[PDB]
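[1] quick one, structure for this:
(one chain, ligands or ions: 2)
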Amino acid sequence: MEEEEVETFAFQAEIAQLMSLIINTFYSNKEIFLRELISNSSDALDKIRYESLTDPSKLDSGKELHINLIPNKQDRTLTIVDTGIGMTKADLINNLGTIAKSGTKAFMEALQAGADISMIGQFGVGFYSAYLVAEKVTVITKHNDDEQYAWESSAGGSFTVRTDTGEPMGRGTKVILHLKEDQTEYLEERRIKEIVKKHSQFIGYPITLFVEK
Ligand SMILES: Nc1ncnc2c1ncn2[C@@H]1O[C@H](COP(=O)(O)OP(=O)(O)O)[C@@H](O)[C@H]1O
Ligand SMILES: [Mg+2]
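    Residues are numbered from 1 along each chain as shown. Ligands and ions are numbered 1, 2, ... in the order given. This is the structure:
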């Protein structure tokens, strides 16, 4: 019989406001969520790549540097996996919700004046575009310094973090998007290919799309 510890965190006030704004307003051009998550994996892959030329053993639990897109039409999930640097516990809590982001207020002002959600990345809050298409997001991550953790949120002002006792990943981050009922086009291979081609073609790392069938 298992016992697992969970910790519940409140999103920083403006992050929570941004989150509600994302979820509760209609926005065209939602497909940009994919560009934001892939840029995040590309950034984490640059990170491990550079860290390793200083200390090669950092590639022990993780040699290949790439991105995998995994739609699941049974689960209604869309998973973006990278073999990037990953996140420590502190990186998860601070980076994903707890600490104020300096661009937050500016972006909301931008949006309320009619800006395209596409501008989100320039404001340092690109991760949150995930909520344009997903009702719940799960982040599984593994950094060399630590154990694997699972971050999770359905918005509402809180997120949870717990040590993951699930499939081990070695090193990297996996963003699992539990898609809203009406956002299932993001599970289709043709559309995923369309949006990567439109928005994500200068990634310095190979991206593979895995289609169940
Ligand atoms: N796939 C990932 N791998 C590692 N860290 C990540 C990943 N996705 C997000 N992060 C962390 O979350 C932070 C917030 O991401 P985001 O909201 O996109 O803003 P930005 O990329 O401009 O900093 C990143 O700066 C990074 O530290
Ligand atoms: Mg980003």
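[2] going forward, measure contacts and count neighbours with C-alpha atoms only.
    Noted.
[3] contacts only, for the residue nearest to residue 209 when sequence neighbours are not counted.
    Spatial nearest neighbour of residue 209, excluding adjacent residues (C-alpha to C-alpha, 6 or more residues apart in numbering): residue 69 at 4.7 Å. Taking C-alpha atoms under 8 Å, 6 or more residues apart in numbering, we find residue 69 in contact with 78-81, 207-210.
[4] residue 191 too?
    By C-alpha under 8 Å, 6+ apart, the contact set of residue 191 is residue 185.
[5] tell me if it really is in a strand.
    No. Assessed with DSSP: H, G, I helix; E, B strand; the rest coil, residue 191 is helix; it does not lie in a strand.
[6] for the protein, what lies in contact range of ligand 1?
    Where the chain comes near ligand 1, counting by C-alpha under 6 Å from any ligand atom, the residues are 40-41, 44, 84-87, 95-96, 121, 124-128, 173.
[7] gap between the nearest residue to residue 168 once chain neighbours are set aside and ligand 1?
    Spatially, and ignoring its direct neighbours in sequence, residue 168 is nearest to residue 148 (7.3 Å; C-alpha to C-alpha, 6+ apart). Between residue 148 and ligand 1 the computed distance is 13 Å (C-alpha to the nearest ligand atom, to the nearest Å).
[8] got it, and residue 68?
    In terms of C-alpha to the nearest ligand atom, residue 68 sits 11 Å off from ligand 1.
[9] partner strands of whichever strand or helix holds that residue, with direction?
    Element membership for residue 68 (DSSP states H and E) is strand 67-72. Using DSSP bridges, strand 67-72 pairs in its sheet with strand 77-82 (antiparallel), strand 207-209 (parallel).
[10] gap between the top helix by length along the chain and the chain center?
    As assigned by DSSP state H, the longest helix anywhere in the chain is helix 32-52. Centre-to-centre, helix 32-52 and its host chain are 10 Å apart (C-alpha atoms, centre = their mean, to the nearest Å).
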